[PDB]
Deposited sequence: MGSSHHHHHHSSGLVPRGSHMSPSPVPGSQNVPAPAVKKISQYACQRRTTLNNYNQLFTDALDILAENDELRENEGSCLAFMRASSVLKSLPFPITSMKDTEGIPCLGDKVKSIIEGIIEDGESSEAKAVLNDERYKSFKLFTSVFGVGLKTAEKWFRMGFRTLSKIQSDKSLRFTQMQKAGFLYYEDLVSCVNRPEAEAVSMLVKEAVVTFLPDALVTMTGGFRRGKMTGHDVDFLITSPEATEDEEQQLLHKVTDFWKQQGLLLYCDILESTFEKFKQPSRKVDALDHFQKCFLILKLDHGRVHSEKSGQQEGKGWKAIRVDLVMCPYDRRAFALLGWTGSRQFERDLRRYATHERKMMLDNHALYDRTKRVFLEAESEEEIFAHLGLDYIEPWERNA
């Protein structure tokens, strides 16, 4: 019935097991900070498989037949079926390491290692951190502190629609033939997001594309609507977290009047530039979710003896690179039924 793979389950934003998944998300994040990568992912898969259920769990008889639920997970569910609360998750939420890790990493530029550095030093608040002379923050870390309250108050659908109008007009100006598609959470029909993602491709000067990202940003800097900027340069690809595509991580100023206190709002924007021939691979890889993508790869590997990434799909048996002009072709190659963006919310 139900598959252990996120790519073989239709997961919508209509969750009936929110009580359970919230508890499991906390328990995963707890093993994330302790670097217990195996345990972390176990709770990530249990929480993911539950978000796919077309009904709410009311009894233990309901869990039977559902994969990714072993002893530990079935007990979390057992604990919630009665109380209506998780004693495991309510414990983690009241832990100093966790509270501080969750807090510190919520800053743009701060991750696992820096949060652990600050916590070991004896820090617990972002205020005592900011008011220290002995410390030295990066260009990401300074921007993260500067626009904290605005980046922490996650983006909304009208705000994302204002950004997508601004990004398209600026990209359309320096390149008119280019197709610009909004990726990430907002492509999967989300209402709230941490950031706004985009994919840029034009059907195509090898020299012109390389200037595209710089053309649109410098143009936004001339208007002074570019608060933060960082650009990155562009077979059988593996052990590479982020793809080999040209890309940029920005913080842009969104004037209140463009979206239908101070008159502004800092918004996190990710732009990705890829060759036209890779459009399908890039879109699939940037739509997400995290759990859908990692399972797409895990499926290809373990079930199809193939190699999936954001650039291509390689069949090891037939020793050929399977091309695609759409997402539907990549799914068909993998022998997976099509799961449209809105149902990739794993």
The deposited sequence goes unmodelled at 1-38, 242, 274-280, 307-314
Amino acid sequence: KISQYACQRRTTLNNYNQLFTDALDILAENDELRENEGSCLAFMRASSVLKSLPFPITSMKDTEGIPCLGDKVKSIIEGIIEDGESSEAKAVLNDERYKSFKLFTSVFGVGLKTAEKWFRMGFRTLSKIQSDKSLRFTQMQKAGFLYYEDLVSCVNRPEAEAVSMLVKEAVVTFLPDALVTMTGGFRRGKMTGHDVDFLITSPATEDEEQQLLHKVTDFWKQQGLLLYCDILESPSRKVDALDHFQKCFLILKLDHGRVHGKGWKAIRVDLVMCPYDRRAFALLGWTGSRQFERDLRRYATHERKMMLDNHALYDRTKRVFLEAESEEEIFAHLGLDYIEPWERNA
From here on, numbers count along this sequence of modelled residues.
Would you determine, from the values in the PDB entry, which of 101-109 and 155-163 has the greater average C-alpha temperature factor?
155-163
For the C-alpha atoms alone, is the average B factor greater in 293-301 or in 63-71, going by the entry?
63-71
Per the deposited B-factor column, the C-alpha that peaks among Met121, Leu250, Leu213, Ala115 belongs to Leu213
Which of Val171, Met140, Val196, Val272 ranks first by CA B-factor in the deposited coordinates:
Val171
Could you tell me which third, lowest, middle or highest, the C-alpha B-factor of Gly189 occupies within its chain?
middle
Test of reading the entry: by CA B factor among the chain's modelled residues, which third contains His311?
lowest
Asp22: which third of its chain by C-alpha temperature factor?
lowest
Compare the C-alpha B factor of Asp277 with those of the other modelled residues in its chain, then answer lowest, middle or highest third.
highest
Among the modelled residues of this chain, does the Cα B factor of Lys318 put it in the lowest, middle or highest third?
highest
